[PDB]
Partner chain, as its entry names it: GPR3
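Before any questions on how it binds or moves, here is one chain, the form solved without its partner chain, in structure tokens.
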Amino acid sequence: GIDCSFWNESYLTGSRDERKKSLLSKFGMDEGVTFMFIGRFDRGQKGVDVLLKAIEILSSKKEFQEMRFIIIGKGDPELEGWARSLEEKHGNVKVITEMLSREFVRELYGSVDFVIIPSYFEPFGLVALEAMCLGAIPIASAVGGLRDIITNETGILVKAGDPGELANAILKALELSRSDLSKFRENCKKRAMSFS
């Protein structure tokens, strides 16, 4: 079950636009549509590999410049090395290889546009609900609990393990109007609150 006493936007200062601008400026980036990943870096569970492949696919496109990526998690030295390499290659990629407190995570969810949950294995998907409670729009693998939580009114579902499909979904998400973004956020919070 989700703790909506902790996971809500009451704890956050100012507006979403303000927070996102400040956040990105700390990473040396100007404003852009911001996608975040938070999870273990492994080969077949959380899907960081799928995300990194998707970033590589997108990087040859002009629209890539309008995207910002925040990639948080730890694990394999090879996977961390890969994430770090992309960070050095692309000025719109930030990688943070460590655990952050739930307070920090909460602030981040309330300060990005989308949270990417490219899981292969996700029995509970409590992460989707937490992100949704804070107005972050999920782009997620259609697996386990994520299937139950995420709807067409609240986010984007993709086939697990498919970097191409993910890249397509990210481009689709980038193109959404502010009005559509706003409706998604409203539905996200409503749905997350309904999970009580």
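Positions refer to the first chain, counted from 1.
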property	result
Mean temperature factor over C-alpha atoms, higher-scoring stretch between 147-155 and 51-59	147-155
Between the two ranges 98-106 and 121-129, the one averaging a larger CA B factor in the entry	121-129
Third of chain Cα B-factors occupied by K183	middle
Modelled-residue ranking by C-alpha temperature factor, third containing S177	highest
Among modelled residues of the same chain, the CA temperature factor third for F41	middle
Where the record places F27 (Cα B-factor, split into thirds across the chain)	highest
Assigned third (lowest, middle, highest) for the C-alpha B factor of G81	lowest
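As for the form solved in complex with its partner chain, it is not shown, yet the points below apply to it.
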| item | value |
| --- | --- |
| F124 within 4.5 Å of its partner chain in the deposited complex, heavy atoms | yes |
| Touches its partner chain in the deposited complex: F195 (any heavy atom, 4.5 Å) | yes |
| Heavy atom of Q45 within 4.5 Å of its partner chain in the deposited complex | yes |
| Partner contact for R147 in the deposited complex: its partner chain, 4.5 angstroms, heavy atom | yes |
| Contacts with its partner chain in the deposited complex, stretch 1-24 (heavy atom within 4.5 Å) | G1, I2 |
